[PDB]
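Student: these are from a larger complex, still in place; more later:
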Amino acid sequence: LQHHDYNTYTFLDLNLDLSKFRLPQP
């Protein structure tokens, strides 16, 4: 039930976590 519970910052904070993976900028 992951869908069943997430925080208001899930999308943003998860993304920040992904920032490291994010390939270099243009």
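Tutor: Yes, it's here. Residues are numbered from 1 along each chain as shown, chains lettered A, B, ... in the order given.
Student: C-alpha from now on. contacts and neighbour counts both.
Tutor: Fine.
Student: what about residue A:23, how many residues close to it?
Tutor: Residues near residue A:23, counting by other Cα atoms under 10 Å, number 8.
Student: Likewise for residue A:15?
Tutor: 13.
Student: try residue A:14
Tutor: 10.
Student: What are the phi and psi values at residue A:23?
Tutor: phi -60, psi 160 (degrees, to the nearest 10).
Student: Next up, the contacts around it.
Tutor: Counting by Cα atoms under 8 Å, 6 or more residues apart in numbering, residue A:23 touches no other residue.
Student: Pull up the gap between it and residue A:15, please.
Tutor: Distance from residue A:23 to residue A:15, counting by Cα to Cα, to the nearest Å: 13 Å.
Student: same question, residue A:6
Tutor: 14 Å.
Student: again, but for residue A:9
Tutor: 10 Å.
Student: And the strands in chain A?
Tutor: Applying DSSP state E to chain A gives no strands.
Student: residue nearest the centroid of it?
Tutor: residue A:14 (1.9 Å; Cα atoms, centre = their mean).
Student: ok, now which ones touch that one?
Tutor: Residue A:14 neighbours (Cα under 8 Å, 6+ apart): none.
Student: gap between it and residue A:1?
Tutor: From residue A:14 to residue A:1 the distance is 18 Å (Cα to Cα).
Student: try residue A:25
Tutor: Relative to residue A:1, residue A:25 is positioned 35 Å away (Cα to Cα).
Student: Equivalent analysis for residue A:19, please.
Tutor: From residue A:19 to residue A:1 the distance is 26 Å (Cα to Cα).
Student: what about the two, which has more around it?
Tutor: Neighbour count, other Cα under 10 Å: between residue A:19 and residue A:1, residue A:19 has more, with 11 against 5.
Student: what are the ranges of the helices in chain A?
Tutor: A:10-19 (DSSP state H).
Student: got the end-to-end distance for stretch A:14-26?
Tutor: 22 Å.
Student: do the same with stretch A:3-20
Tutor: Per Cα to Cα, the first residue of stretch A:3-20 is 25 Å away from its last.
Student: Centre of the chain to it, how far?
Tutor: 4 Å (Cα atoms, centre = their mean, to the nearest Å).
Student: go on, stretch A:16-24?
Tutor: How far stretch A:16-24 lies from its chain's middle: 9 Å, per Cα atoms, centre = their mean.
Student: before we move on, what about stretch A:17-26?
Tutor: 12 Å.
Student: what's the first-to-last distance across that stretch?
Tutor: 20 Å.
Student: following sequence is chain B, add it:
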Amino acid sequence: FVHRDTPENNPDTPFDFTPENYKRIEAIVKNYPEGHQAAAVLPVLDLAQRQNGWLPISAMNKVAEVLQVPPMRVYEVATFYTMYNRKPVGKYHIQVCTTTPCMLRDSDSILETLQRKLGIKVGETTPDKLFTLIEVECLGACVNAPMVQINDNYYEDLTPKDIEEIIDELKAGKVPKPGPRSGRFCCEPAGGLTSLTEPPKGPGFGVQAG
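Tutor: Alright, chain B goes in next:
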């Protein structure tokens, strides 16, 4: 669409991203292309909304400041989208889908029930500031038509009573099992899974040659 400065809603209300928020703000900036920050106004404006639902004129000015854009540029973005609220928002902020698909499947039905339960007109916050009801448009998830999004909860396939039950859950306690409160899973033919009742083929199944 005019912000007549009011003691409550005006820049005297100071706004600043929490040390934690500011962190988030940049995460947004680099997700967008380098040399491009303006593109992040919306995502940022959203975190100002995450910080505070009211998002007053002071908050938009800060957004423009952090994002170094013409302030109006932020004002235009906030006004265009319904997601942003330029006025105080109820803690729960329920929104009822009333497009034809939901109406055909009774969406209107739900409304009358919720107005009575919240004991308030549609469009304003309860005196308790507990809930705010608004007649929003198609919120997606039509297969499940009766529907009422509450801060993303997106409850679905709800019969009038169900909501009253949900509202009570919200009124006392929290996290009232958000989702379609009917036997069906996500979207599934109520009968079953005609589409695929067999087991899914595994990796490299019938992968074409070449």
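Student: ok chain B is loaded, check the neighbour count of residue A:23 again?
Tutor: 9 (other Cα atoms under 10 Å in any protein chain shown).
Student: can you give me the end-to-end distance of stretch B:13-25?
Tutor: When the termini of stretch B:13-25 are compared using Cα to Cα, they are 20 Å apart.
Student: which other residues reach it?
Tutor: Here stretch B:13-25 makes contact (Cα atoms under 8 Å, 6 or more residues apart in numbering or on different chains) with A:12-13, A:16, B:44, B:47-48, B:51, B:56, B:58-59, B:62.
Student: one more time with 10 Å
Tutor: By Cα atoms under 10 Å, 6 or more residues apart in numbering or on different chains, the surrounding residues in contact with stretch B:13-25 are A:9, A:12-16, B:7, B:27-28, B:40-41, B:43-45, B:47-48, B:50-52, B:55-63, B:66-67.
Student: could I get stretch B:122-138 in PDB with only the CA atoms?
Tutor: Written as PDB, here are the backbone C-alpha positions of stretch B:122-138 (Å, rounded to 0.1, in the frame of the first residue of the first chain):
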ATOM      1  CA  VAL B 122     -20.400  24.700  -1.700                       C
ATOM      2  CA  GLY B 123     -17.400  26.800  -2.300                       C
ATOM      3  CA  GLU B 124     -16.300  28.000   1.100                       C
ATOM      4  CA  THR B 125     -14.600  26.800   4.300                       C
ATOM      5  CA  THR B 126     -16.400  25.300   7.200                       C
ATOM      6  CA  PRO B 127     -16.600  27.700  10.200                       C
ATOM      7  CA  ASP B 128     -14.300  25.100  11.800                       C
ATOM      8  CA  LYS B 129     -11.900  25.800   8.900                       C
ATOM      9  CA  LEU B 130     -12.000  22.000   9.100                       C
ATOM     10  CA  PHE B 131     -13.000  21.400   5.500                       C
ATOM     11  CA  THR B 132     -13.400  23.400   2.300                       C
ATOM     12  CA  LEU B 133     -15.800  22.200  -0.500                       C
ATOM     13  CA  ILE B 134     -15.400  23.200  -4.100                       C
ATOM     14  CA  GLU B 135     -17.000  21.900  -7.300                       C
ATOM     15  CA  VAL B 136     -13.800  21.100  -9.300                       C
ATOM     16  CA  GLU B 137     -13.800  19.700 -12.800                       C
ATOM     17  CA  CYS B 138     -12.600  16.400 -14.200                       C
END
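Student: buried set for that stretch?
Tutor: When neighbours are counted by 16 or more other Cα atoms under 10 Å in any protein chain shown, the buried residues of stretch B:122-138 are found to be B:122, B:124-126, B:131-136, B:138.
Student: cool, and stretch B:70-87?
Tutor: B:74-75, B:78, B:84-86.
Student: add chain C to the structure above, sequence below:
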Amino acid sequence: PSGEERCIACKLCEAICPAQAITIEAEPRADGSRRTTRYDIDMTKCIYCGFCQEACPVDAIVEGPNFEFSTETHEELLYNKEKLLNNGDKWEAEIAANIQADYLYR
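Tutor: Same chains as before, plus chain C:
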């Protein structure tokens, strides 16, 4: 009826007058509304065509019933806003009845 003069100085009564009779100059009244500082119909110039009656959007300028206004001096015939407004107040009851009778036709 309230007491606010109908003319709002659009000045097309001046535009369509065939004889150049009506002279209008205007400025925003303190109220902020638009009114004519000077409205002068030169009746000796006027040929009583009745187009001004036609042209006015608010129908402020009307052809009144009275035909007996012969005057000893030429200057009396030139009419400023105060004479016409006074003429309007005197004959308003009949003017209203006359416009009442003919407006469906127009």
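Student: Please re-evaluate the contacts of stretch B:13-25 in the presence of chain C.
Tutor: Contacts of stretch B:13-25 (Cα under 10 Å, 6+ apart): A:9, A:12-16, B:7, B:27-28, B:40-41, B:43-45, B:47-48, B:50-52, B:55-63, B:66-67.
Student: What's the PyMOL syntax to select whichever of those residues are buried?
Tutor: Remark: buried members of those, expressed as a PyMOL selection using 16+ other Cα under 10 Å:
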select buried, (chain A and resi 12+13+15+16) or (chain B and resi 27+28+40+41+44+45+47+48+51+55+56+57+58+59+60+61+62+63+66+67)
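Student: Please flag which of the contacts of stretch B:13-25 sit within helices.
Tutor: A:12-16, B:27-28, B:41, B:43-45, B:47-48, B:50-51, B:57-63, B:66.
Student: Count the neighbours of residue B:168 for me.
Tutor: Neighbour tally, residue B:168, other Cα under 10 Å: 15.
Student: Quick one: list the elements packing against the helix or strand containing it.
Tutor: Assigned by DSSP states H and E, residue B:168 falls within helix B:160-171. Counting contacts by 3 or more Cα pairs under 10 Å, 6 or more residues apart in numbering or on different chains; DSSP states H and E, helix B:160-171 packs against helix B:107-118, strand B:147-150, strand B:155-156.
Student: tell me the angle it makes with helix B:107-118.
Tutor: Relative orientation of helix B:160-171 and helix B:107-118, computed by axes from the mean of the first three to the mean of the last three Cα atoms, to 10 degrees: 40 degrees.
Student: Tell me the buried residues in helix B:160-171?
Tutor: So helix B:160-171, judged by 16+ other Cα under 10 Å, has buried residues B:160, B:162-164, B:166-167.
Student: and what of stretch C:53-61?
Tutor: Neighbour-count burial for stretch C:53-61 [16+ other Cα under 10 Å]: C:53, C:55-56, C:60-61.
Student: same thing with stretch B:146-154?
Tutor: So, applying 16+ other Cα under 10 Å, buried residues of stretch B:146-154: B:146-150, B:153-154.
Student: How about exporting it as CSV, limited to the C-alpha atoms?
Tutor: Taking Å, rounded to 0.1, in the frame of the first residue of the first chain, the C-alpha atoms of stretch B:146-154 are listed here in CSV:
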residue,chain,number,x,y,z
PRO,B,146,-18.4,9.2,-7.9
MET,B,147,-15.2,10.9,-6.7
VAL,B,148,-13.8,13.5,-4.2
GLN,B,149,-10.2,14.5,-4.1
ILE,B,150,-9.0,15.5,-0.7
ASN,B,151,-5.5,16.8,-0.7
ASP,B,152,-4.5,14.3,-3.3
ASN,B,153,-6.3,11.4,-1.5
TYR,B,154,-8.4,11.0,-4.5
